[PDB]
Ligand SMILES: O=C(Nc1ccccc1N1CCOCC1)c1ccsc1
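What follows is one chain in structure tokens, specifically the form deposited without the ligand.
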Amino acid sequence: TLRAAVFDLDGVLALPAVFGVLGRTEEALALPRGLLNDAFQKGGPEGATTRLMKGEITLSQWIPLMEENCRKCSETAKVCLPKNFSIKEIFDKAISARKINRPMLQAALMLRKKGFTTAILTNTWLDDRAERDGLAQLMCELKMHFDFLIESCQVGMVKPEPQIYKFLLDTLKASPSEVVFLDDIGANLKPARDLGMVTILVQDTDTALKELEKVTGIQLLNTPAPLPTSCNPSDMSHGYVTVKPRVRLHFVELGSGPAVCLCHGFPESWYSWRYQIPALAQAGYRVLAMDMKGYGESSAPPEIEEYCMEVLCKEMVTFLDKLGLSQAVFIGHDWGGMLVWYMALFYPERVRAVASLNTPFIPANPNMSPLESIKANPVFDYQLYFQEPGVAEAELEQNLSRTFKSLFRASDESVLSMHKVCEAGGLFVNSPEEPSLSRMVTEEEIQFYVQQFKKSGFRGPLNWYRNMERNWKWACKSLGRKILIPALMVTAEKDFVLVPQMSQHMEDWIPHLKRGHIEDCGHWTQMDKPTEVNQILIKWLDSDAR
């Protein structure tokens, strides 16, 4: 029967509440108990604060009204306000003090995931203070997780007036007995209750979640640790830049602050960074998640040499130029990892910082041809399989579902040995027709990649492996150099190809190199361990790219 959950903001989705800054201030300053609260509510439905909450006047216009209220209350209470008493100051601090109550957001997220319509209904104000960005940020971080946000000052109504609850019901398209509504103010519950809504009086969070959990019959408390926020492809800003006549690059873009350019591996997509994109934006960065050349909505010319590193890097430079970016932080995985190390080596003026997941930096060997080098590691045999134009294409294109469902698997779920791929005749010769779904991905996610690869298939992506000689000769030019810009290498314990030991000599070429290491993590790092990837990246960005 319950179909919808509605949350207040102050004291429910965000803590501490401001009403409790009035109380704390009165104490701190030894003012009569309740004095500030009395000034706040002065005049009831006709007072300054209701005008504020209804959108009639802005925060800044209200501040001196509260001021006057406070003087009038202190005069009748026959006390003096303290020299330097300041409403602006009290509220500035209160508004910046208040953070998202994570357990409550997590319970709302959970209810939405099992099918609840969720809404935030709040008494709030039009904030024109110099410091208003703070609150704008909070509301953005919160509102994205909900079906609706109803704000008193946008609708001209306030809790507890009954018309707002009618407006709520109509927005939900639900009847009162389908709604649970949580608030920290009992008078605000009363009208919800009159209509027959389940209402929860929120004091400490855990008790309200207990009541919410009992009343919905869904686990909300003690639940396992949830994944980071993912990206819905059709809610993203999509960007397109032509870097030369036949080639346009596509990217998804989110957030503001230093530019951070994300470069995926083979055979992937911008969407491989779906767990990192909202977290890095949230952390104060401008994320640009690419489709690399050959993929998704980026161009995919047929010719092998279009995909050598030299050209790929020059095109990434052109990308910054057309976007008007003097630098970006470059973070890559797998092939995207090899590329960013090259950006570091050939265009350090354009790289604010560099990081790689899985892909080590190993200088080219000027004496050994890369083909020969490759034969020296049984686990790189798949690379030789990939050389002959057409062969890997036909296997990889034959059944896209099975391709992604076979590749994208956690380390304890593998279905492809990387062993003697050439001899076997294929990458999948000995894996199922219909693979089971990895714990790492939903069916919908597999299908996005399938739809992406329907545009150009595997020729462009495979081409990235078909320039071993050209990249070797180019890389040899850089053997005298070191990487001396900020740099982060992230190893993944259970990547059986890019093993962590392959990265061991990196400090000889990158002496100030920083590291993270992720246990129990296979090759598809970003989706296998998205929580730990995000922590290691944000911590490194904040300390080394900021």
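Residues carry their position along the shown sequence, with the first being 1.
Keep in mind the form solved in complex with the ligand is missing from the figure; the text below concerns it.
For the chain shown alone, residue 74 is not a contact residue for the ligand in the deposited complex, no non-hydrogen atom being within 4.5 angstroms. Although the partner is absent here, residue 370 lies within 4.5 Å of the ligand in the deposited complex, judged by heavy atoms. The ligand in the deposited complex is not approached by residue 199, whose heavy atoms all lie more than 4.5 angstroms from it.
At a distance threshold of 4.5 angstroms between non-hydrogen atoms, residue 475 is in contact with the ligand in the deposited complex. Judged against the ligand in the deposited complex with a 4.5 angstroms heavy atom cut-off, the residues 254, 275 and 281 are out of contact without exception. Contact annotation: the ligand lies within 4.5 Å of heavy atoms from the stretch 460-468 in the deposited complex, the single such stretch among 100-108, 227-235, 460-468, 443-451. Screening 364, 155, 241, 391 for any heavy atom within 4.5 Å of the ligand in the deposited complex leaves a single hit, 364.
When the ligand is considered in the deposited complex, only one residue from 338, 126, 174, 209 comes within 4.5 Å through any heavy atom, namely 338. Along 50-89, no residue reaches a heavy atom to within 4.5 Å of the ligand in the deposited complex.
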